[PDB]
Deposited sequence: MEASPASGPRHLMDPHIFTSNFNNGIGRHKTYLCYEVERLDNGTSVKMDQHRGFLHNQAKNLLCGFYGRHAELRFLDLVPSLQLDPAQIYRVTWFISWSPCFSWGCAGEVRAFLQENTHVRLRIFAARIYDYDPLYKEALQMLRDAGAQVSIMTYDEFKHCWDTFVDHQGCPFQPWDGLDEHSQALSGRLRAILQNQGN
């Protein structure tokens, strides 16, 4: 019942233009959807050091009360591919290792290649047993339906959503193909 502003979503998860911010929408499904929601990064503003959207998720993981003797799948739809350089990639892996009853699924709207260590981040997450993928129309539409406060208005894709989505999917497969 905490929903995102339409303009926020469409100007953040768009895959042709970027923002100086990151959003992460998450779901938790037990296996044999318990919790959902979304958050954004804390901006580094020295005049703090910032906190990436990934690390904020791990911070709230205790509040989700995951039964240690049950199996969960966690899904992120994240506006930027996770970084390596600021340590997001390492910490997620560390968390996955220390838990192991959690299985993770990550869809990114665009690749954070500003980090020149982006290839190592994605491959490091894949090796940890995360699924790393590019968001398509269906994942955008599902996030729209599930987290955006649309007031009953169905998802309207932006121009060239698919060209971009395929081009990025192409890039990511090349990276993970090792």
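Missing from the model, relative to the deposited sequence, are the ranges 1-9, 42-48, 64-65, 197-199.
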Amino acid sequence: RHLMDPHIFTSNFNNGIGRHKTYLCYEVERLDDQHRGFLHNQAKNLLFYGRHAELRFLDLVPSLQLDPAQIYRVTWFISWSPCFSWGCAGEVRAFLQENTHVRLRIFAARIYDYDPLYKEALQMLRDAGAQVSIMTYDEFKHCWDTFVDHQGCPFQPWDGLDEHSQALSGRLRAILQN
From here on, numbers count along this sequence of modelled residues.
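Mean CA B-factor, 123-131 versus 139-147: the higher value falls on 123-131. According to the PDB record, 49-57 carries the higher mean C-alpha B-factor of the two stretches 49-57 and 106-114.
In the deposited coordinates, the residue among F95, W80, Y72, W76 with the greatest CA B-factor is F95. Among the modelled residues of its chain, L24 has a C-alpha B-factor that falls in the lowest third according to the deposited record. When the modelled residues of the chain are ordered by their C-alpha B factor, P157 lands in the middle third.
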